[PDB]
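Input: a single structure, listed below in structure tokens.
Cβ placement follows ideal geometry from the backbone for every residue including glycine, while neighbour counts extend to all protein chains displayed. Where a number appears in this text, it was derived from the coordinates with a stated rule and is not lab data.
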Amino acid sequence: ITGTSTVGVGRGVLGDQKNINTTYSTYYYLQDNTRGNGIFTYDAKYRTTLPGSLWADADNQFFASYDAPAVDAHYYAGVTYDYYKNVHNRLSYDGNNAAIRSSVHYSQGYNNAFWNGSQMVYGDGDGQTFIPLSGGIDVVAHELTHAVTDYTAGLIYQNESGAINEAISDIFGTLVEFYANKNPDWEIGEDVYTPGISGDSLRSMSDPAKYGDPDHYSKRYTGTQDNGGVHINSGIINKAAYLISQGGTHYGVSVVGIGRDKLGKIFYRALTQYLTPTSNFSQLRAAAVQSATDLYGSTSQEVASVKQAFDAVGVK
Ligand SMILES: CC[C@H](C)[C@H](N)C(=O)N[C@@H](CCCC[NH3+])C(=O)O
Ligand SMILES: [Ca+2]
Ligand SMILES: [Ca+2]
Ligand SMILES: [Ca+2]
Ligand SMILES: [Ca+2]
Ligand SMILES: [Zn+2]
């Protein structure tokens, strides 16, 4: 909508107060004009028609229970935009400041969040399995990273290419969570999963097998569920990424960690310069090797650690 840029205040899903960028034109809308062509947050009103209505508020204060998922979707889309721009010099998901659109209050009791090819979509959860999913910075950043991937490598969402697609979303979802630097970890979705259970998450990058996912190629899933295991086999790549950053010894193979910033540089370059729609895990190793060679040199520690990490998870 055309209007003037304003700054509202509200509370997110976990009860934290934050300032949000809004636009005033009769109402105050969740439209942030400070980032690219805008960040826009919509109310799906418990239905499944998308995007729904651009979020309108009479007083620029967003402290109602019903407001909290919107506050966080909007705010965390901003953080994710800032990460890509400031860390990777990328302007929005398409690299040309595309508008970022999100809908909250999708359906009733909906225990998921997704990128639909055009926008973000967040359920409220059923209150037991999940609370509203935009409360998780890693979740927001995971979903927006699918838009990045779709515009860049274009990894097909099935089988090994799909597991790479998922891992890239977990990797950058986690790196955004560290960038924001509130309560960061190498777990996925802990802040919105199972409010009645402390210390769990959907997936772990540090130990995928904690939640039943493979941590070595020899344990890969080859059945048909989950688009050929895209959220299962992502554990193999997530473990490799974790080892590259943090180091460790895994199945007897020792990796020297090179830290999060270099992990991010290597995988961002692989995603944007080397991966293709049909890349498999072997091809990802090659892309990450080439990317680290570009950035650091063929005889670098960084290249060595990339190779050691893929070796550790059985990917040649
Ligand atoms: C990043 C987390 C986000 C919810 C994502 N769409 C996801 O990982 N979903 C998988 C895990 C289950 C989520 C709730 N049932 C999924 O399999 O869809
Ligand atoms: Ca209000
Ligand atoms: Ca966390
Ligand atoms: Ca996390
Ligand atoms: Ca929990
Ligand atoms: Zn995903």
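For residue 129, indicate whether it is touching a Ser or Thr at 6+ places or on another chain (Cβ under 6 Å) and surrounded by fewer than 24 Cβ atoms within 10 Å (Cβ to Cβ). Before the answer, list the steps.
Working: touching a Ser or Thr at 6+ places or on another chain (Cβ under 6 Å): no; surrounded by fewer than 24 Cβ atoms within 10 Å (Cβ to Cβ): yes.
Judged against the criteria, residue 129 is not a match.
Restricting the first residue to segment 165-191 and requiring it to be farther than 13 Å from residue 205 by Cα, which pairs with a second residue that is within 12 Å of ligand 4 (Cβ to nearest atom) and in a helix (DSSP H, G or I) meet a Cβ separation below 6 Å and a spacing of at least six or different chains?
What qualifies is 176/141; 177/137; 177/138; 180/137; 191/135.
Which residue, of 10, 78, is away from ligand 3 (no atom under 16 Å from the Cβ), touching a residue at least 40 places away in the same chain (Cβ under 8 Å) and closer than 30 Å to residue 269 by Cα?
Details: 10 fails: closer than 30 Å to residue 269 by Cα.
After ruling out the rest, the residue left standing is 78.
Do we find that residue 141 is aliphatic (A, V, I, L, M), within 11 Å of ligand 1 (Cβ to nearest atom) and in contact with a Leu (Cβ under 7 Å, 6 or more places away or on another chain) in this structure?
On the way: aliphatic (A, V, I, L, M): yes; within 11 Å of ligand 1 (Cβ to nearest atom): yes; in contact with a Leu (Cβ under 7 Å, 6 or more places away or on another chain): no.
Answer is no for this residue.
If you go through segment 18-41 one residue at a time, do you hit one that is outside any strand (DSSP E or B), of a type in the set (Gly, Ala, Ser), within 16 Å of ligand 4 (Cβ to nearest atom) and in contact with a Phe, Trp or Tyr (Cβ under 9 Å, 6 or more places away or on another chain)?
Kept after step one, since they are outside any strand (DSSP E or B), are these residues of segment 18-41: 26, 30, 33-38.
The next check asks that each one be of a type in the set (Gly, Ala, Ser); those that pass are 36, 38.
This time we only want the ones that are within 16 Å of ligand 4 (Cβ to nearest atom), so: none.
Taking every residue of segment 18-41 in turn, none turns out to be outside any strand (DSSP E or B), of a type in the set (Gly, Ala, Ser), within 16 Å of ligand 4 (Cβ to nearest atom) and in contact with a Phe, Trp or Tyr (Cβ under 9 Å, 6 or more places away or on another chain).
With the structure loaded, tell me whether residue 302 is farther than 17 Å from residue 159 by Cβ and under 21 Å from the mean Cα position of the chain (by Cα) or whether it fails that test. Don't jump to the end; show me each part of the working.
Numbers: farther than 17 Å from residue 159 by Cβ: yes; under 21 Å from the mean Cα position of the chain (by Cα): no.
Spelling it out, it is not the case that residue 302 is farther than 17 Å from residue 159 by Cβ and under 21 Å from the mean Cα position of the chain (by Cα).
Residue 87 versus (1) assigned to a loop (DSSP other than H, G, I, E, B); (2) out of contact with any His (no Cβ under 6 Å at 6 or more places or on another chain): which is the lone unmet condition?
That leaves (1) as the condition not met.
Is segment 171-186 home to any residue that is crowded, with 22+ Cβ neighbours inside 10 Å, out of contact with any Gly (no Cβ under 7 Å at 6 or more places or on another chain) and of a type in the set (S, T, N, Q)?
Among the residues of segment 171-186, at least one is crowded, with 22+ Cβ neighbours inside 10 Å, out of contact with any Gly (no Cβ under 7 Å at 6 or more places or on another chain) and of a type in the set (S, T, N, Q), which makes the answer yes.
Do you know which residues across segment 14-30 are under 20 Å from residue 100 (Cα atoms) and either in contact with a strand residue (DSSP E or B) (Cβ under 6 Å, 6 or more places away or on another chain) or of a type in the set (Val, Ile, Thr) (or both)?
19, 20, 21, 22, 23, 24, 28, 29, 30
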